[PDB]
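# Secondary and tertiary structure notes
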Amino acid sequence: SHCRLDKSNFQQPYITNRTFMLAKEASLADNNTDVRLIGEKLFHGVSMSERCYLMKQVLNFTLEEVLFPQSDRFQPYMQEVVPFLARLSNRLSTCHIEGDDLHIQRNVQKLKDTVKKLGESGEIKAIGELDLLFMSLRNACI
Amino acid sequence: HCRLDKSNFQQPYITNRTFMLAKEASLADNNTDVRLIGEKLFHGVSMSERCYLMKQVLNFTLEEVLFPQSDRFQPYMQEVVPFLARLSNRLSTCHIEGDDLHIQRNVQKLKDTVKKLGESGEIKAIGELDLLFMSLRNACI
């Protein structure tokens, strides 16, 4: 199936506010001012029709290796945002692209590598960038 | 430098109305069409430059989009614009250290997209006012 998310997923003020507030709080705990996770490099070579699928991979990675491990932290917003993002992941579940995703895998791997290079603060940074994740999912999938 | 007091964003009513205004305008905008506010807007922009970046976007949107559409999208527009104008007023002349070229270039892209699309460009911009509001908050508080 084609990866996509109705725009209504990103137009509700309550959860959108919680998401941005969680990002702000985490960013205040992130001192890595030299690294950006969601940016040009992540999308390099990815065509518009594959962006949502790319974001699906970034989302699932962020859920499994960042948000879940940090799920009991950044209370109480974390506990409201995680279920929201997980539902989006579930909606995208198993959707795919009809083309080769080798370039997408490489771009995601670099993001994963960057988070590990940063260690714990890598996870903190990812949470601090939930605002960019939110906007990237919306922009690539609606 | 650019910054805004937390109090300025502790407005649940206006937040909800901003999202309603964005939803309404979004109805007339093709969702799968090009976007305006996103990661690309922040390309090469440090965290300390974000509020200044959003200030540019906020002012462009107010003067080139909202004011011109100030009589449409009632009754949402009539409440949101005054609020956004106040914030613009608060950010008066606040700026950054040296060389904002990368910032202006990123903003130029958003501006070109809106202008090339004419009226539809304005509608698209209003449809993304929710992202503008949230981005401004996180970049300036």
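Residues numbered from 1 in each chain as written, not as in the entry; some residues may be left out. Chains lettered and ligands numbered in written order. Heavy atoms only, no water.

Looking at the method and resolution fields of the entry, one finds X-ray crystallography and 2.00 Å.

Turning our attention to the state of the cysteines. All names here are of chain B. All told, the structure shown has 4 disulfides over all chains when counted by the stated rule. A sulfur-sulfur distance of 2.0 Å marks the disulfide that ties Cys-51 to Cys-140. Of note, the bridge from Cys-51 to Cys-140 carries an S-S torsion of about 95° and is right-handed in sense. Here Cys-140 lies in helix α6 (residues 129-140) and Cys-51 lies in helix α2 (residues 50-66), a separation of 89 residues in the sequence. Owing to a relative accessible area of 1%, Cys-51 belongs among the buried residues under this scheme. Residue classification places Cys-140 among the buried residues on the basis of a relative accessible area of 2%. In chain B, numbering the disulfide-bonded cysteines from first to last in sequence yields the connectivity 1-3, 2-4. Taking only the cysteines that form disulfides and numbering them from first to last, chain A has the pattern 1-3, 2-4. (Disulfide = S-S within 2.5 Å. Helix = DSSP H or I, 4+ residues; strand = E, 2+ residues; numbered from the N terminus. Buried < 20%, exposed > 50% of the residue type's maximum accessible area, 1.4 Å probe, protein only.)

Right, let's get into unusual backbone geometry. Excluding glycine, a negative phi dihedral is what most residues carry, and trans is how most peptide bonds are arranged. In the segment running from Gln-75 of chain A into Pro-76 of chain A, the intervening peptide bond is cis, with an omega of 0°. Following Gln-74 of chain B, the chain continues to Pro-75 of chain B via a peptide bond in cis, the omega torsion being 0°. With respect to the helices and strands, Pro-75 of chain B occurs in the loop between α2 and α3 (76-90). Of note in the backbone geometry, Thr-93 of chain B takes a positive phi value of approximately 55° without being a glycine. Relative to the helices and strands, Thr-93 of chain B is located in the loop between α3 and α4 (101-116).

Considering all chains together, one arrives at 13 salt bridges over all chains under this definition. When the shortest N-O distance is used, the salt bridge between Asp-30 of chain A and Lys-125 of chain A registers 2.7 Å. Taken together, the residues span a long stretch of sequence, with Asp-30 of chain A in the loop between α1 (13-27) and α2 (40-43) and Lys-125 of chain A in helix α6 (residues 120-128) at a distance of 95 residues. The same class applies to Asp-30 of chain A as to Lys-125 of chain A, namely buried. One salt bridge in this structure joins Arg-35 of chain B and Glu-128 of chain B, with 3.0 Å as the shortest N-O distance. Residue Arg-35 of chain B is located in the loop between α1 (12-26) and α2, and its partner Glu-128 of chain B is located in the loop between α5 (119-127) and α6; the two are separated by 93 residues in the primary sequence. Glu-128 of chain B carries the same exposure label as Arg-35 of chain B, and that label is buried. (Salt bridge = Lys/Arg side-chain N within 4 Å of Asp/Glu carboxyl O.)

This part is about the packing of helix α3 (residues 51-67) of chain A against helix α4 (residues 78-92) of chain A. The relative placement of two packed helices is expressed as an angle between their axes plus a distance between the axes. All names here are of chain A. Where α3 meets α4, the closest approach of the two axes is 10 Å, and the angle between their N-to-C directions is 140°. Considering their axes alone, α3 and α4 lie oblique with respect to each other. Note on packing geometry: the crossing formed by α3 with α4 is left-handed. Within the contact between the two elements, α3 uses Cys-52, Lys-56, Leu-59, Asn-60, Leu-63 and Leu-67 and α4 uses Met-78, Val-82, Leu-85, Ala-86, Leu-88, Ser-89 and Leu-92. (Axes fitted to C-alpha atoms, helices over the stretch in contact; angles between N-to-C directions. Parallel < 35°, antiparallel > 145°, perpendicular 65-115°, else oblique. Left-handed = near helix turned anticlockwise from the far one by under 90°. Contact = heavy atoms within 4.5 Å.)

A volume near 890 Å³ is recorded for the largest pocket. In terms of lining, the largest pocket is formed by 33 residues, of which the most central are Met-48, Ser-49, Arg-51, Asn-139 and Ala-140 of chain A. Within the residue set of the lining of the largest pocket, elements represented by two or more residues are α2, α3 and α7 (130-141) of chain A together with α4 of chain B. A total of 4 residues in the lining of the largest pocket trace back to one element, the largest contributor, which is α7 of chain A. Here the second largest pocket defines a volume of roughly 630 Å³. In terms of residues, the lining of the second largest pocket owes the most to one element, α6 of chain B, which gives 3 residues. Tallied by class, the residues present in the lining of the second largest pocket amount to 10 nonpolar, 11 polar and 9 charged. (1 Å grid on protein atoms, 1.4 Å probe; cavity = no way out; pocket = protein on both sides within 12 Å on 5 of 7 lines; lining within 4 Å. Points joined across faces, edges and corners; volume = space filled by probe spheres on them. Nonpolar A, V, L, I, M, F, W, Y, C, P; charged D, E, K, R; others polar.)

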